[PDB]
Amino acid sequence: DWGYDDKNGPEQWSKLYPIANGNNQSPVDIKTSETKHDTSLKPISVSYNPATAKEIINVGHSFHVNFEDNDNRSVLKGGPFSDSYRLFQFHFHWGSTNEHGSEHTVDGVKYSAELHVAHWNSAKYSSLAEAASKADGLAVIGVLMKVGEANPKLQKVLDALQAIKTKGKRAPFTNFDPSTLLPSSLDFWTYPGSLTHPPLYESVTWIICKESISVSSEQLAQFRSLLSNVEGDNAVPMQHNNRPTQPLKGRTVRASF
């Protein structure tokens, strides 16, 4: 039963999930001197319908904000893609202190947290479950979160956490467009990689934003005050859930800028 503690964490994942040591693993350190600018990359186009927001849930190691994905009301297009990708979820990763919480890094610099906006290829596949193990199945936008000014756009999300404090609690979460969380520039890096936790499928085209967004030290504390235990058990704060960076193994990170 995988997690982020010393016994079940990222260094132990390879035992039940050998793909952990694979050739398209994520996250990575983006070295800007080694990126290749690609003129064939189109701008990123997001069009999300706030009516597709459904539910927020505490999953023990993190929390997820899920979207209705029965149709193309909320889609990602452009960049490296020929196909439309359908929004299904956003979530975050964070660390035990402000110094290190992001998953991706840029020129060795660790940020305080990271936003993942996840999508599946509904042009080619019939469901998320089908798309999840396909090399071209998933598209994730990653946004680096730099500790600084409180981010007001995060506040509906953070305000919802009090209703999902312990593992398995879920609550309705509606009328929210997650494009409001994205930076104003959508200049990006792209590379072929993986889910950053088990089952670690190498099915993700990553879109990493060049511009960070802000988060306050107190907003980060709200993440870390979520509880990994079930109600009635001893409180176990969700202190961190970020994977270390993984070897590029010859992959090319492309820049849109």
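Quick note: we count residues from 1 along the sequence shown, nothing fancier.
Annotation for 50-58 versus 34-42: the higher mean temperature factor (C-alpha) is found in 34-42. Higher mean CA temperature factor between 137-145 and 81-89: 81-89, per the PDB entry. You'll see in the entry that, of 104, 167, 119, 153, the Cα B factor peaks at 153. Residue 219 sits in the lowest third of its chain by CA B factor, as recorded in the PDB entry.
Ranked by C-alpha B-factor against the other modelled residues of its chain, residue 186 falls in the highest third. When all modelled residues of the chain are sorted by CA temperature factor, residue 12 is found within the highest third. In the deposited entry, the Cα temperature factor of residue 130 places it in the middle third of its chain's modelled residues. When the modelled residues of the chain are ordered by C-alpha B-factor, residue 70 sits in the highest third.
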